[PDB]
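Everything on this sheet refers to the single structure shown next.
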4 protein chains.
Amino acid sequence: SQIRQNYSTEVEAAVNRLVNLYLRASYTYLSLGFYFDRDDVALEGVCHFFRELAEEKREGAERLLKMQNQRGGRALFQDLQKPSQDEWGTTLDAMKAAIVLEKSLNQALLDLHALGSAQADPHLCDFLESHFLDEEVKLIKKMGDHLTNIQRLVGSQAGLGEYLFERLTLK
Amino acid sequence: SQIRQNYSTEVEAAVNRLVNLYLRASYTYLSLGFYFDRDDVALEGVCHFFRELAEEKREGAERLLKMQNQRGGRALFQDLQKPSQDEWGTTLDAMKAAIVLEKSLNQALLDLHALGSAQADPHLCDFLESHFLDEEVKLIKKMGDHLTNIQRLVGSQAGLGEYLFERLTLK
Amino acid sequence: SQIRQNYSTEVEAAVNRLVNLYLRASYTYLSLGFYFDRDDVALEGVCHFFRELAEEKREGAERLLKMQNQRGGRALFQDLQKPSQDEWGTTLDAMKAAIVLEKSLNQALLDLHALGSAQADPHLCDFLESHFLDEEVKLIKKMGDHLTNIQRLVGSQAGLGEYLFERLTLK
Amino acid sequence: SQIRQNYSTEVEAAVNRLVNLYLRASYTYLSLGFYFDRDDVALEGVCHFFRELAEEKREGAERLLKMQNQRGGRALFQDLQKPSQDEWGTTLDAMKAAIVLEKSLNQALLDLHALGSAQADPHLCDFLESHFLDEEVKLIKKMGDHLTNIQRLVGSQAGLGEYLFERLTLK
Ligand SMILES: [O-][O-]
Ligand SMILES: [O-][O-]
Ligand SMILES: [O-][O-]
Ligand SMILES: [O-][O-]
Ligand SMILES: [O-][O-]
Ligand SMILES: [O-][O-]
Ligand SMILES: [O-][O-]
Ligand SMILES: [O-][O-]
Ligand SMILES: [Cl-]
Ligand SMILES: [Cl-]
Ligand SMILES: [Cl-]
Ligand SMILES: [Cl-]
Ligand SMILES: [Fe+3]
Ligand SMILES: [Fe+3]
Ligand SMILES: [Fe+3]
Ligand SMILES: [Fe+3]
Ligand SMILES: [Fe+3]
Ligand SMILES: [Fe+3]
Ligand SMILES: [Fe+3]
Ligand SMILES: [Fe+3]
Ligand SMILES: [Fe+3]
Ligand SMILES: [Fe+3]
Ligand SMILES: [Fe+3]
Ligand SMILES: [Fe+3]
Ligand SMILES: [Fe+3]
Ligand SMILES: [Fe+3]
Ligand SMILES: [Fe+3]
Ligand SMILES: [Fe+3]
């Protein structure tokens with residue numbers, strides 16, 4: 001590549017893996033969204049929340065792919081593994097699973113920053129810092145908040161709690 | 001002081017103490033606010049309510065400091081003692097503590113008015129009347145109202161009550 | 001904490017100390033501001049300059065407290081030590097003291113970045129970089145500029161120099 | 001008087017004396033204003049400052065006269081004694097004399113409040129508090145500030161200091 005400069009094959013490879021993680025997160029959230037749109041679940045605000053996350057994660061992957069090209073790396077695509085579940089249980093189950101997922105994405109971002117740092121690739125480190133690390137931290141805080149409110153509510157009368165959360169907190 | 005007129009050293013000293021009480025109230029409310037912003041508490045409307053009070057109390061102190069200068073007194077600052085608690089429990093615990101705090105501020109205002117009256121300092125008395133006494137009374141009424149509503153709600157299912165209060169009453 | 005990830009107890013503790021430094025800086029600037037508002041000092045542009053800094057430092061502390069919560073740390077508040085002086089002398093004395101203060105805040109920021117770097121906490125490093133390091137550098141440059149102009153002016157006729165600076169440079 | 005209620009002849013009499021003090025202050029300020037408008041003094045910003053005060057004091061007297069009528073007292077007018085000087089010296093001399101004058105007006109207001117208090121006349125006390133006491137305190141603070149700045153400036157080169165004050169502080 002005529003443009004490639006200070007961009008290691010290790011970072012290129014990790015970037016392609018991170019794109020796959022993001023597309024997979026996006027796929028997971030798509031399945032979460034349409035689960036809550038079922039007539040027997042019917043929590044529209046939960047559906048909108050996860051469908052918005054499907055979009056965000058897809059955008060994350062595209063920004064990674066745009067960056068890969070800017071550096072002269074080569075995008076390599078792999079199979080996208082289907083989500084870990086077909087049914088997601090209650091809002092509480094679903095938000096717990098979403099937090100697990102975001103934490104693993106965040107861990108992958110931190111591992112990539114550490115690689116970039118080891119490879120002395122400051123553009124990589126800045127790119128993650130600017131576009132991904134802060135947004136992951138903000139998102140995980142939001143989910144933890146949600147989880148605290150769902151839990152507070154589904155003490156007595158789980159059904160009432162679940163309806164109230166979706167109506168009064170979710171968009 | 002070329003400007004000082006009818007302004008006793010007793011009133012000057014009490015004014016400096018009242019500034020310290022207000023800054024301390026402000027500090028207490030800052031700690032209340034960020035406690036309710038924790039991911040394991042997550043009552044954003046309670047956080048906004050106390051963060052607004054932190055600001056109000058800070059402004060109260062500045063108005064007192066501006067007045068002290070207008071009269072030719074000398075501002076003297078002391079250590080600000082940290083809030084009485086690190087964790088504030090439920091919304092109910094927190095609102096009870098806030099009411100205790102406001103009542104003690106109000107008592108300090110009343111003691112200063114009584115001093116001003118004893119010293120025949122009408123400008124002091126009017127300044128407190130105009131800017132502090134009415135606002136304290138209105139605020140304490142608001143808190144008592146809140147406390148009544150929290151209590152009414154946290155009879156059965158304390159968690160549901162706490163969520164509903166924060167969603168339907170707080171901003 | 002359900003959300004805490006890659007956030008060491010060392011960084012949490014240093015963050016709480018930095019909040020205390022900022023609140024203390026804010027307190028110092030409040031005292032600087034009202035000193036220059038005295039009828040026997042009466043340099044309104046110097047008062048506005050330090051009162052603006054009191055506000056900025058308070059905001060710095062709140063951003064740190066918001067961040068602490070975003071990461072799952074626990075805010076811990078301590079006593080705020082009163083400012084180092086009760087009277088601040090001339091504009092020159094005061095600006096020198098302000099520069100000392102800002103330099104020590106900047107040093108605390110640099111020590112926290114070095115800790116974050118040692119702990120491999122990129123979100124911390126980026127957060128300081130983005131919101132604090134640049135603003136401290138810009139502010140310290142501004143103060144040094146001011147100090148040079150005050151000094152140039154208070155060569156002959158210190159009183160005239162001090163009035164002219166406040167009228168023609170300060171807002 | 002069909003309307004007179006709780007309005008003692010002592011307060012009525014003191015009110016008429018206070019009107020005379022205000023009209024006399026107004027007259028003093030008129031003479032201060034036109035002195036600084038002389039071609040051999042020529043400090044237009046000082047002239048505007050005192051001419052504005054002549055107007056304020058005249059308004060103070062009219063508010064007192066309107067109040068006297070509202071209570072069923074009878075306005076009684078006396079001779080207005082000419083100002084204490086024909087020439088007012090420097091800006092510094094003039095501002096010192098203005099501060100003396102305002103302090104004596106303020107003292108007369110405080111004596112009238114004390115009378116009103118002794119006579120249990122709350123409407124009188126409130127009327128002074130609302131319209132006169134605060135404005136006197138604010139004005140005296142402003143004058144003291146001015147005096148500090150004039151003094152700071154007329155250390156070396158009294159003429160330069162006097163010109164700069166009038167240009168950069170006065171309207
Ligand atoms: O669209 O971000
Ligand atoms: O929505 O970004
Ligand atoms: O702002 O009151
Ligand atoms: O808000 O005052
Ligand atoms: O407000 O920064
Ligand atoms: O002002 O930031
Ligand atoms: O016109 O006051
Ligand atoms: O001008 O009142
Ligand atoms: Cl290379
Ligand atoms: Cl006195
Ligand atoms: Cl971890
Ligand atoms: Cl009667
Ligand atoms: Fe969308
Ligand atoms: Fe979006
Ligand atoms: Fe987006
Ligand atoms: Fe979008
Ligand atoms: Fe606000
Ligand atoms: Fe406010
Ligand atoms: Fe306010
Ligand atoms: Fe405000
Ligand atoms: Fe401001
Ligand atoms: Fe600001
Ligand atoms: Fe700001
Ligand atoms: Fe601001
Ligand atoms: Fe006018
Ligand atoms: Fe006017
Ligand atoms: Fe007026
Ligand atoms: Fe007018």
Side-chain angles (χ1 to χ4, degrees), chain B residues 19 22-37 43-65 98 101-102 105 131-137 139-141 143 146 166 169-170, chain C residues 23 26 30 51-52 54-63 65, chain D residues 18-19 21-30 32-33 48-65 67 98 101-102 105-106 109 127-129 131-137 139-141 143 170:
Chain B
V19 162
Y22 269 70
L23 290 180
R24 221 215 128 154
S26 185
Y27 199 19
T28 299
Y29 287 132
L30 179 73
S31 170
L32 277 151
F34 284 98
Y35 170 81
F36 282 97
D37 181 57
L43 297 161
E44 187 199 337
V46 187
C47 176
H48 191 79
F49 177 77
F50 291 120
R51 288 191 60 194
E52 170 64 23
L53 284 171
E55 184 220 327
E56 215 51 50
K57 292 309 170 217
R58 194 194 68 242
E59 284 169 12
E62 299 177 346
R63 285 199 303 274
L64 293 164
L65 286 163
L101 181 64
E102 288 304 331
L105 281 182
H131 288 114
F132 287 90
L133 297 177
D134 183 49
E135 147 182 295
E136 271 312 308
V137 156
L139 176 54
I140 290 169
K141 174 55 164 60
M143 289 179 173
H146 285 347
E166 180 268 339
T169 304
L170 299 178
Chain C
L23 290 180
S26 185
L30 179 73
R51 288 191 60 194
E52 170 64 23
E55 184 220 327
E56 215 51 50
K57 292 309 170 217
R58 194 194 68 242
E59 284 169 12
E62 299 177 346
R63 285 199 303 274
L65 286 163
Chain D
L18 198 63
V19 162
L21 273 327
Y22 269 70
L23 290 180
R24 221 215 128 154
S26 185
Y27 199 19
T28 299
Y29 287 132
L30 179 73
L32 277 151
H48 191 79
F49 177 77
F50 291 120
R51 288 191 60 194
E52 170 64 23
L53 284 171
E55 184 220 327
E56 215 51 50
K57 292 309 170 217
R58 194 194 68 242
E59 284 169 12
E62 299 177 346
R63 285 199 303 274
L64 293 164
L65 286 163
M67 182 268 287
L101 181 64
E102 288 304 331
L105 281 182
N106 194 37
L109 285 166
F127 171 91
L128 300 182
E129 282 162 2
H131 288 114
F132 287 90
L133 297 177
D134 183 49
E135 147 182 295
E136 271 312 308
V137 156
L139 176 54
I140 290 169
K141 174 55 164 60
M143 289 179 173
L170 299 178

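Both ligands and their constituent atoms are indexed starting at 1 by order of listing. Only this structure's heavy atoms are used, side chains among them; waters, hydrogens and symmetry mates stay out. Letters A, B, ... mirror the listed sequences (proteins, then strands); counts begin at 1.
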Which atoms form the tightest heavy-atom contact between [X] and [Y], and what is the distance?
X: B:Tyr22; Y: B:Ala61; result: CB-CB, 3.9 Å
X: C:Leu30; Y: C:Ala54; result: N-CB, 3.8 Å
X: D:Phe50; Y: D:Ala98; result: CE2-CB, 3.7 Å

**Fill in**
Restricting D:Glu56 to its N/O/S atoms, the closest one to the Fe ion (ligand 27) is OE2

**Message:** For the Fe ion (ligand 18), give me the closest N/O/S atom belonging to B:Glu52, just the atom name.
**Reply:** OE2

**Prompt:** Is there a donor-acceptor contact under 3.5 Å from the side chain of B:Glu166 to the main chain of B:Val46?
**Reply:** no

**Prompt:** Can you tell me if D:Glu55 has an N, O or S atom under 2.8 Å away from the Fe ion (ligand 27)?
**Reply:** no

**Prompt:** Taking both backbone and side chain into account, is any N, O or S atom of B:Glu59 nearer than 2.8 Å to the Fe ion (ligand 18)?
**Reply:** no

